[PDB]
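Chemist: this one is an experimental structure. Sequence first:
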Amino acid sequence: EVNXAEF
Amino acid sequence: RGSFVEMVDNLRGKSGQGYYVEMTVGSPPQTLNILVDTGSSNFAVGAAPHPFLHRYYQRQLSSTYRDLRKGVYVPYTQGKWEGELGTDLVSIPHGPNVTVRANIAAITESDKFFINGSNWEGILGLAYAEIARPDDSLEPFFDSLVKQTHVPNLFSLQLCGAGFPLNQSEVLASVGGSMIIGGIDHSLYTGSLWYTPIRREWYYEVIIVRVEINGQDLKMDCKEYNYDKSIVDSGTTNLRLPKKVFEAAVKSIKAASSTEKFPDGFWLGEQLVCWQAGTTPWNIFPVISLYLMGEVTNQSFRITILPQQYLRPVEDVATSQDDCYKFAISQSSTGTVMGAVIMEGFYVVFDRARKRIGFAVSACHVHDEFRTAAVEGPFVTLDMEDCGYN
């Protein structure tokens, strides 16, 4: 799976 | 109708590995497959040999390449990379007929970012500057696109989940959907389009005001549904929910499907469950409805997905003839994330111009002869602004 941004 | 034929069917991939579009960077043009990610704002591509990359960006071969002499680091919920900033001419073969100079991060280092077999070598952050690295001064791709061309400030996505596992060769051979840049193609959906306001321009943030499992109100303080935010991200596979919401929803989804018992590993999205060919008991699983704040005061609408959306198809270990899936709904500590599996059920319109996001039943969503995904309204709902977390 993909878990794309941290802010 | 077929408003934008040249862009229809320009995507490939799936919820598990991501959907990507073909792009070219540099002069002469260098072709690269770029993951479409509305959950970030940086345009970056592999710039050095990597075991999971068949190709990559080669700056020293681009006559139009420009070095910005600045490093950049970008971490995601899962995965991260480091690279060097620069600009170059970019184009989208199956998109508007224009070429623009955009910021490009040449990825020189990465960890758990690239996916083996995904077939994409870069990423297209379609979100706003606010969350761009290293800072908001780095103009995101779509922005450069609108400023430099006459393409409307809008794009729509149609991610098509196959409904069954796709092996390497077929994922590469099949059409994974359409990314319509600058418009809305009417052949990609049925019914009407309902819009929810973009609460704030950084991530594509929206507000969920109510949740139902097979008609039953989860009945939680709507703030929980958006703690600490709720975004739409084509780059996330599952529908992710904040801990408390996840626990309540799973408890409800378990009660509705109690005629069959499943192991905890299944509900934790870690292990799959299989059924004899063609016997997946869809009807025992509930539909899930997410109500979203409407454009009109005290008005809301809802999007409803079927288990055919939240149960992600995966090939069985023993490559049997069984139909196997994984629970594509998981916990989150950074708010709700309406990912690919949620999007696969609808045609989503990112109306940046009118600061709103529209949803409509996807002409390619998977269903059965008894139920279909849906988008309905309007519903009288009060104090929706309060559902937003501060």
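Modeler: Received it, and whenever you're ready, just let me know what you need. Residues are numbered from 1 along each chain as shown, chains lettered A, B, ... in the order given.
Chemist: angles on the backbone of residue B:225, please.
Modeler: phi -60, psi -20 (degrees, to the nearest 10).
Chemist: list the contacts for it?
Modeler: Residues in contact with residue B:225, defined by Cβ atoms under 8 Å, 6 or more residues apart in numbering or on different chains, are B:208-211, B:241-242, B:245, B:336, B:387. The C-beta positions use only the backbone N, C-alpha and C, and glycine is treated the same way.
Chemist: so which of the residues you listed sit within helices?
Modeler: Using DSSP state H, the members of the contacts of residue B:225 that fall in helices are residue B:245.
Chemist: which of the contacts of residue B:225 fall in strands?
Modeler: B:208-211, B:241-242, B:336 (DSSP state E).
Chemist: can you count the residues close to residue B:268?
Modeler: When neighbours are defined as other Cβ atoms under 10 Å in any protein chain shown, residue B:268 has 13 of them.
Chemist: next: residue B:79.
Modeler: 18.
Chemist: so who does it touch?
Modeler: Contacts of residue B:79 (Cβ under 8 Å, 6+ apart): A:3, B:110-113.
Chemist: what do you get for residue B:389?
Modeler: Residue B:389 is in contact with B:223, B:226-229, B:335, counting by Cβ under 8 Å, 6+ apart.
Chemist: can you turn the buried part of these into a ChimeraX selection?
Modeler: The ChimeraX selection below is limited to those of the contacts of residue B:389 classed as buried (16 or more other Cβ atoms under 10 Å in any protein chain shown):
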select /B:226,227,229,335
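Chemist: looking at the contacts of residue B:389, which is nearest chain A?
Modeler: Of all the contacts of residue B:389, residue B:229 has the smallest distance to chain A: 9.4 Å, by Cβ to the nearest Cβ.
Chemist: the closest one - nearest residue in space that isn't next to it in sequence?
Modeler: With sequence-adjacent residues excluded and distances taken as Cβ to Cβ, 6 or more residues apart in numbering or on different chains, residue B:229 is closest to residue B:335, at 3.9 Å.
Chemist: so the one you found sits right up against residue B:223, yeah?
Modeler: No - Residue B:335 lies out of contact with residue B:223 (Cβ atoms under 8 Å); the separation is 11.2 Å.
Chemist: give me the number of residues near whichever residue of the stretch 151-300 of chain B sits closest to chain A?
Modeler: Going by Cβ to the nearest Cβ, chain A is nearest to residue B:235 of the stretch 151-300 of chain B, at 1.2 Å. By other Cβ under 10 Å, the residues close to residue B:235 number 28.
Chemist: next one: residue B:55
Modeler: By the measure other Cβ under 10 Å, the count of residues near residue B:55 is 14.
Chemist: quick one, what contacts the spatially closest residue to it that is not a sequence neighbour?
Modeler: Excluding its sequence neighbours, the residue lying closest to residue B:55 (Cβ to Cβ, 6+ apart) is residue B:121, at 6.0 Å. By Cβ under 8 Å, 6+ apart, the contact list for residue B:121 reads B:32-34, B:45-46, B:53-57, B:114.
Chemist: which of these fall within strands?
Modeler: B:32-34, B:45-46.
Chemist: make TSV out of the residues you listed and add neighbour count and distance to residue B:318.
Modeler: Below are these laid out as TSV (neighbours: other Cβ atoms under 10 Å in any protein chain shown; distance: Cβ to Cβ, whole Å):
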residue	neighbour count	distance to residue B:318
B:32	22	36
B:33	22	31
B:34	23	35
B:45	26	37
B:46	25	34
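Chemist: looking at these, which is nearest residue B:126?
Modeler: Comparing the ones in strands among the contacts of residue B:121 against residue B:126 with Cβ to Cβ picks out residue B:34 as the nearest, at 10.6 Å.
Chemist: now do the closest one against residue B:104, distance only.
Modeler: 11 Å (Cβ to Cβ, to the nearest Å).
Chemist: show me the residue at the heart of chain B, geometrically.
Modeler: Centroid-nearest residue in chain B, with Cα atoms, centre = their mean: residue B:234, separated by 1.1 Å.
Chemist: pretty sure it contacts residue B:34?
Modeler: No - between residue B:234 and residue B:34 there is no contact under Cβ under 8 Å: 11.9 Å.
Chemist: quick check: can you list the domain ranges of chain B?
Modeler: If you go by curated CATH domains, the domain ranges for chain B are B:19-151, B:152-390.
Chemist: out of the ones you listed, which is closest to residue A:7?
Modeler: domain B:19-151 (4.8 Å).
Chemist: got the contact list for residue B:371?
Modeler: Neighbours of residue B:371 in contact, by Cβ under 8 Å, 6+ apart: B:282, B:287, B:306.
Chemist: with that, I have no additional questions.
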